[PDB]
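The next block holds one structure in the form of structure tokens; read it before the comments.
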Amino acid sequence: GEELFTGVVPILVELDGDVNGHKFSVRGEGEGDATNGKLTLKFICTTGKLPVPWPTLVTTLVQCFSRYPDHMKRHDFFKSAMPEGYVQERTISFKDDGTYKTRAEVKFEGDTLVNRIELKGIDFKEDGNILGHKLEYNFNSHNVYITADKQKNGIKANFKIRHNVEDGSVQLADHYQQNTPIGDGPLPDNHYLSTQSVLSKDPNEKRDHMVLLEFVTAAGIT
Amino acid sequence: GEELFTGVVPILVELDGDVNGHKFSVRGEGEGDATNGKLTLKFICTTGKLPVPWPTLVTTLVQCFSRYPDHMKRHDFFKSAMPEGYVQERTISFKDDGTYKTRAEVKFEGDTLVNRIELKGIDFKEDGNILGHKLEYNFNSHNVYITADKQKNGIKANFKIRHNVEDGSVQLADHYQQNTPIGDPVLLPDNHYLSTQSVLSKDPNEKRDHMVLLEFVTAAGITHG
Ligand SMILES: *c1ccc(O)c2ncccc12
Ligand SMILES: *c1ccc(O)c2ncccc12
Ligand SMILES: [Cs+]
Ligand SMILES: [Cs+]
Ligand SMILES: [Cs+]
Ligand SMILES: [Cs+]
Ligand SMILES: [Cs+]
Ligand SMILES: [Cs+]
Ligand SMILES: [Cs+]
Ligand SMILES: [Cs+]
Ligand SMILES: [Cs+]
């Protein structure tokens with residue numbers, strides 16, 4: 001599938017979410033360069049104010065843009081499932097707080113890469129770090145370990161994401177990730193990805209938004 | 001002094017370190033844009049394989065290229081020391097491990113911003129996160145609290161750097177930083193903070209132990225202003 005990702009590919013992300021009843025929608029437009037492992041996107045909240053902090057939606061808001069080095073091309077599941085695409089289902093548990101439950105489809109629609117997502121956050125408490133909006137405008141992770149699930153013909157990943165809290169503490173986010181191809185065609189070994197995220201604001205944007213620049217690279221101590 | 005950083009300024013970094021007896025040198029070339037708070041550099045180890053993981057040297061490998069907002073220009077200590085420059089002394093205590101001790105001079109040689117540092121690390125353990133090289137190739141986002149030292153006509157800062165470890169844990173690096181002008185008039189700031197976001201990458205066309213660093217630093221904390 002590593003064919004349609006040479007050159008720059010336009011990205012559209014659509015998310016419809018519901019956290020504790022608070023229903024919202026986010027639309028992100030941009031473009032990705034898998035050759036350089038580069039993502040340049042801009043998300044806005046189409047419905048109004050975002051009920052959760054932007055960093056909390058980073059993991060949910062296209063791993064098919066990660067740069068796989070030429071000697072690790074056998075590890076690329078994300079590209080392989082294209083243009084048929086894959087389904088990314090996730091469960092994100094926030095320590096001492098609520099839980100995100102996401103289901104998304106990442107596929108090629110025309111010559112534009114699309115990530116369409118349904119999100120259901122429940123049992124979220126306040127003050128907290130999510131509903132109370134006390135997470136800083138940044139993002140830290142790594143390194144994410146991807147395994148193959150040959151029993152479902154997809155991949156499984158489990159990782160811990162630490163969100164920096166404004167007081168100086170740390171908000172834990174346990175990600176349990178499952179990916180399963182839509183079509184049939186394409187099974188990687190134990191490898192890790194290395195995305196690096198930087199968050200900013202559009203000075204000419206008076207709405208709720210997040211400008212995301214990202215650097216994803218595949219690597220492996222094997 | 002701030003008018004020296006309008007536009008793109010070339011940057012030369014030179015780091016000479018000694019960790020547990022292991023001597024090493026790092027040479028960095030790049031350019032910085034203080035208006036956008038952008039910072040592009042490339043560091044190489046000219047003495048061979050780096051004895052320490054790259055992330056631990058990022059904090060020591062030029063805060064005069066940070067983006068200060070229009071209303072906080074009067075609180076920009078770093079640019080006001082230019083072109084004569086400033087001295088930046090640091091003690092970095094790694095929790096349950098050794099300690100870096102650094103002293104740097106950041107000044108304008110010709111039309112080039114040069115950071116010449118001296119590093120000495122002691123009491124590091126071999127099977128630890130640093131000498132055992134257990135740290136992941138990244139760098140977390142941070143918020144530094146910059147305060148004014150009116151007794152040294154300079155500034156003070158103390159912060160916590162979290163380096164990611166391979167086993168899914170965190171290696172804490174406690175930084176103690178003090179910046180002093182030469183004397184020689186400098187702007188002493190009010191209580192404010194810097195926000196830092198870095199990205200480390202490699203050059204595939206380099207066969208030497210290196211680090212390609214991209215960095216975005218912005219200033220905030222003062223209410224208008
Ligand atoms: C997805 C998007 C951005 C990140 O920084 C990231 N880190 C770790 C795992 C997944 C992921
Ligand atoms: C210097 C460079 C990059 C960083 O991320 C950083 N963080 C905190 C203090 C200093 C510093
Ligand atoms: Cs743009
Ligand atoms: Cs939970
Ligand atoms: Cs499951
Ligand atoms: Cs040499
Ligand atoms: Cs290293
Ligand atoms: Cs120590
Ligand atoms: Cs980062
Ligand atoms: Cs001191
Ligand atoms: Cs002096």
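We name chains A, B, ... following the order of the structure tokens; residues begin at 1 in each chain, and ligands are numbered from 1 as shown.
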Test item: residues at most 12 Å from residue 72 in chain B, only C-alpha atoms, excluding those fewer than 2 positions along its chain, as a JSON list (two decimals) with C-alpha atoms, in the first residue's frame:
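Contents of part35.json, as written:
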[["chain", "number", "residue", "atom", "x", "y", "z"],
["B", 2, "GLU", "CA", 16.58, 43.06, 20.47],
["B", 66, "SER", "CA", 12.79, 32.68, 22.21],
["B", 67, "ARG", "CA", 9.69, 34.48, 20.92],
["B", 68, "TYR", "CA", 8.75, 37.35, 23.22],
["B", 69, "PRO", "CA", 5.32, 38.95, 22.63],
["B", 70, "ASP", "CA", 5.03, 42.68, 21.88],
["B", 74, "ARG", "CA", 10.81, 45.05, 28.16],
["B", 75, "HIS", "CA", 11.21, 41.73, 29.99],
["B", 76, "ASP", "CA", 13.63, 40.18, 27.48],
["B", 77, "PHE", "CA", 16.86, 39.73, 29.44],
["B", 187, "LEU", "CA", 16.60, 44.54, 31.17],
["B", 188, "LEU", "CA", 15.66, 42.74, 34.40],
["B", 189, "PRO", "CA", 12.32, 40.96, 33.86],
["B", 190, "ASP", "CA", 9.25, 40.52, 36.02],
["B", 191, "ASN", "CA", 8.04, 37.05, 36.98],
["B", 192, "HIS", "CA", 7.24, 35.28, 33.70],
["B", 193, "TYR", "CA", 7.68, 31.92, 31.97],
["B", 194, "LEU", "CA", 8.96, 30.32, 28.77],
["B", 218, "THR", "CA", 7.56, 31.23, 23.27],
["B", 219, "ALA", "CA", 7.23, 33.70, 26.15],
["B", 220, "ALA", "CA", 4.13, 34.09, 28.33],
["B", 221, "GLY", "CA", 3.00, 34.87, 31.87],
["B", 222, "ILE", "CA", 2.65, 38.64, 31.92],
["B", 223, "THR", "CA", -0.88, 39.97, 31.65],
["B", 224, "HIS", "CA", -1.15, 42.97, 29.30],
["B", 225, "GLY", "CA", 0.78, 45.01, 29.26]]
Compute the set of chain A residues within 9 Å of chain B, using only C-alpha atoms, and express it as a PyMOL selection string.
-> chain A and resi 138-143+159-160+164+194+196-199+215+217
Can I get the selection written as an mmCIF file, in the first residue's frame, with N, CA and C atoms?
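The result, stored in again_20.cif:
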data_model
loop_
_atom_site.group_PDB
_atom_site.id
_atom_site.type_symbol
_atom_site.label_atom_id
_atom_site.label_comp_id
_atom_site.auth_asym_id
_atom_site.auth_seq_id
_atom_site.Cartn_x
_atom_site.Cartn_y
_atom_site.Cartn_z
ATOM 1 N N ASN A 138 0.280 21.394 25.133
ATOM 2 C CA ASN A 138 1.402 20.636 24.579
ATOM 3 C C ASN A 138 1.106 19.139 24.534
ATOM 4 N N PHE A 139 2.068 18.355 24.060
ATOM 5 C CA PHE A 139 1.854 16.915 23.951
ATOM 6 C C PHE A 139 3.131 16.081 24.065
ATOM 7 N N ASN A 140 3.101 15.093 24.956
ATOM 8 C CA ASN A 140 4.230 14.192 25.167
ATOM 9 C C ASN A 140 3.788 12.732 25.168
ATOM 10 N N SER A 141 4.607 11.861 24.587
ATOM 11 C CA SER A 141 4.281 10.442 24.527
ATOM 12 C C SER A 141 5.540 9.590 24.493
ATOM 13 N N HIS A 142 5.414 8.409 23.888
ATOM 14 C CA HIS A 142 6.549 7.601 23.425
ATOM 15 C C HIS A 142 7.227 6.662 24.418
ATOM 16 N N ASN A 143 7.723 5.531 23.909
ATOM 17 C CA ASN A 143 7.579 5.153 22.496
ATOM 18 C C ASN A 143 6.551 4.047 22.303
ATOM 19 N N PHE A 159 -0.357 1.732 25.181
ATOM 20 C CA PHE A 159 0.627 2.732 25.593
ATOM 21 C C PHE A 159 0.131 3.725 26.636
ATOM 22 N N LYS A 160 1.064 4.323 27.368
ATOM 23 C CA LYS A 160 0.716 5.272 28.416
ATOM 24 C C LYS A 160 1.096 6.686 27.997
ATOM 25 N N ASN A 164 0.737 16.913 30.557
ATOM 26 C CA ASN A 164 1.237 17.864 31.543
ATOM 27 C C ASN A 164 0.118 18.725 32.120
ATOM 28 N N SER A 194 7.767 6.658 16.258
ATOM 29 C CA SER A 194 8.293 7.834 16.944
ATOM 30 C C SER A 194 7.740 9.152 16.406
ATOM 31 N N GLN A 196 6.498 12.976 16.816
ATOM 32 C CA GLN A 196 6.824 14.101 17.687
ATOM 33 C C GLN A 196 5.905 15.284 17.402
ATOM 34 N N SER A 197 5.130 15.677 18.406
ATOM 35 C CA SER A 197 4.066 16.655 18.206
ATOM 36 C C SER A 197 4.378 18.044 18.760
ATOM 37 N N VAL A 198 3.977 19.066 18.008
ATOM 38 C CA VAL A 198 4.046 20.448 18.466
ATOM 39 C C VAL A 198 2.741 21.186 18.154
ATOM 40 N N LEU A 199 2.178 21.793 19.195
ATOM 41 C CA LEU A 199 0.880 22.451 19.133
ATOM 42 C C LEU A 199 1.029 23.970 19.087
ATOM 43 N N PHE A 215 5.863 14.869 13.635
ATOM 44 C CA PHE A 215 6.979 14.181 12.991
ATOM 45 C C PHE A 215 7.027 12.708 13.384
ATOM 46 N N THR A 217 8.164 8.801 12.839
ATOM 47 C CA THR A 217 9.195 7.948 12.259
ATOM 48 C C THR A 217 9.115 6.546 12.860
#
Please, which residues have at least one atom within 8 Å of an atom of ligand 6, using only C-alpha atoms and all ligand atoms, listed as a list in words?
->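 The neighbouring residues of ligand 6 are, in order, residues 46, 47 and 48 of chain B.
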Can I get the selected residues back with N, CA and C atoms, as a compact mmCIF listing (two decimals), in the first residue's frame?
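And here is the file that came out, part.txt:
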# COMPACT_ATOMS: atom_id res chain seq x y z
N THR B 46 32.39 15.18 17.38
CA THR B 46 33.64 15.13 16.63
C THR B 46 34.69 14.21 17.26
N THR B 47 34.38 13.68 18.45
CA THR B 47 35.31 12.79 19.15
C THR B 47 34.93 11.32 19.01
N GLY B 48 33.86 11.05 18.26
CA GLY B 48 33.41 9.68 18.04
C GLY B 48 31.98 9.44 18.50
Residues within 10 Å of residue 152 in chain A, only C-alpha atoms, excluding chain neighbours under 3 positions, as number ranges by chain | A: 148-149, 155-156, 178-181
Shell of 7 Å around residue 20 in chain B, only C-alpha atoms, local chain residues under 2 positions omitted, as a PyMOL selection string = chain B and resi 18+22+121-122+124
Just give me the gap between CA of residue 183 in chain B and CA of residue 36 in chain B in Å, one decimal is fine.
->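 These atoms are spaced 29.1 Å apart.
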In range 59-219 of chain A, what's helix (DSSP H, G or I) per DSSP? Answer as a list in words?
->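 Of range 59-219 of chain A, only residues 63, 64, 65, 70, 71, 72, 73, 74, 75, 77, 78, 79 and 80 of chain A fall in helix (DSSP H, G or I).
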Could the residues in this selection be written to a file with C-alpha atoms, as a CSV table (one decimal), in the first residue's frame?
chain,number,residue,atom,x,y,z
A,63,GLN,CA,-0.7,6.5,11.4
A,64,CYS,CA,-0.4,5.9,7.6
A,65,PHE,CA,1.8,8.9,7.4
A,70,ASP,CA,13.4,1.4,3.5
A,71,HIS,CA,14.7,-1.6,5.6
A,72,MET,CA,11.5,-1.7,7.7
A,73,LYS,CA,8.9,-1.6,4.9
A,74,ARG,CA,7.7,-5.0,5.9
A,75,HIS,CA,6.5,-3.5,9.2
A,77,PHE,CA,0.5,-2.2,8.2
A,78,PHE,CA,-1.1,1.3,7.9
A,79,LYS,CA,0.0,1.8,4.3
A,80,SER,CA,-0.9,-1.8,3.3
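CA of residue 37 in chain A sits 26.8 Å away from CA of residue 26 in chain B.
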Between CA of residue 175 in chain B and CA of residue 19 in chain B, what is the spacing in Å?
->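 CA of residue 175 in chain B lies 17.0 Å from CA of residue 19 in chain B.
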Nearest candidate to ligand 9 (options B:131, B:170, B:12, B:214; using only C-alpha atoms and all ligand atoms) | B:214
